C-alpha cells in the first residue's frame, strides 16, 4: 500500500506544477496542470455525451483525461517552445509512475475525446486569460479538433468570447 500512498502524494504535485506556456505571457499565478486536467476531464465527459456515447463511456473519457498528463508530475509541462529543444520519454515516465498498477486500463477508445478536450480546455483558458493579456487569445486560435461535438463547442466559444457566465 506504500506505493499507492506515494503515488497519491505524487499526483498532488500536479497542483504545484504550473501550466508553463502561460508564464512567458506574464501571467503570474497561472492554472496548474491539475486544474487543466480537472476541466479537461469534465469537457471530455461532455464531448462523449454530446457525441452520442453512453454515460459509462462519458465517465471513461473523463477518467482518461485525468490521467492524460500524469507523467508531467515527473517531466513538467513542456511548452511548445521547449519541445523544440526538449525530448521526453513519456512512455518511460508513465511506466515507472504507474508501476503500482497490476494492470493499466484500456483508454485507447476514448483517446479522441481526451485529445479534443485537452485542446478545447486550452482554448477556453485562452479566451478567459485574454481579458488580462490580449495575446492569450492565440492559444485559442486555429485549434485543430477532431470531433464534431468539439468543433461546435469551439465555434460558439469563439463566437461569444465571453467568459462571464454569471449574472
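Numbering follows the first chain given and starts at 1.
Per-stretch averaging of Cα B factors for 108 to 116 and 127 to 135 places 108 to 116 on top.
Comparing the deposited coordinates for 139 to 147 and 155 to 163, the stretch with the larger average C-alpha B-factor is 139 to 147. Across 46, 59, 98, 29, the entry's maximum B-factor at the CA atom is seen for 98. Remark: residue 66 belongs to the middle third of its chain, ranked by C-alpha B-factor as recorded. For residue 1, the recorded CA temperature factor ranks within the highest third of the chain's modelled residues.
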